[PDB]
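First comes one chain, alone, set out as structure tokens in the form deposited in one PDB entry.
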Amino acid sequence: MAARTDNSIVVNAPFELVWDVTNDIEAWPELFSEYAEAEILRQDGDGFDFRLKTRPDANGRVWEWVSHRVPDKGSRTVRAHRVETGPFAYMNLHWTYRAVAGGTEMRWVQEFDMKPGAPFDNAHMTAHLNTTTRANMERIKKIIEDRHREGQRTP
């Protein structure tokens, strides 16, 4: 009934670095290939609201929306959801980090459902999100590992 994506990847670096990089919202435009802009609108208490402005998609359209995000470094997890759902009836995000043999494993899970009349149906969006998510996790993994390996020669 409800759409879902579940993707994992291991980053060959320590939790601290993996966490700090991925949770650096201001840097997402250089980390993610889809976001042109990312700014925190407000930070009240734990969670916070941020705006995302994507780059022109495969159809030349630029999207922008606001989401609420609540990072929990202590539990090594983060929860988020779109405030301006747009074509989505709702979109929930859940990231976890786990120490494993070789580095830090990142697991990103999405829970959503398209609005009746949206350009995409649950099936097609699921495929689209898996593709973009996998591409982003691989790019982020590379970036983090490079920063990590750099600090091993100064040391």
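Start at 1 and count along the sequence shown; that's the residue number.
The deposited model assigns a higher average Cα B-factor to 115 to 123 than to the other stretch when 61 to 69 and 115 to 123 are compared. Per the PDB record, of the two stretches 102 to 110 and 46 to 54, 46 to 54 carries the greater mean B-factor over its C-alpha atoms.
The maximum CA B-factor among the listed residues 40, 129, 93, 31, taken from the PDB record, is found at 40.
When the modelled residues of the chain are ordered by their C-alpha B factor, residue 153 lands in the highest third.
What comes next is about the form deposited with a small molecule bound, which does not appear here.
With respect to the small molecule in the bound PDB entry, the three residues 59, 87 and 128 uniformly fall within 4.5 angstroms at the level of their nearest heavy atom. Residue contact check for residue 51: none of its heavy atoms lie within 4.5 Å of the small molecule in the bound PDB entry.
Though the partner is left out of this view, residue 95 does not reach within 4.5 Å of the small molecule in the bound PDB entry, counting heavy atoms only. The small molecule is not shown here, but in the bound PDB entry it comes within 4.5 Å of a heavy atom of residue 82.
Taking non-hydrogen atoms only, residue 115 never approaches the small molecule to within 4.5 angstroms in the bound PDB entry. You can rule out all but one of 25 to 33, 38 to 46, 59 to 67, 97 to 105: in the bound PDB entry, only 59 to 67 has residues with a heavy atom within 4.5 Å of the small molecule.
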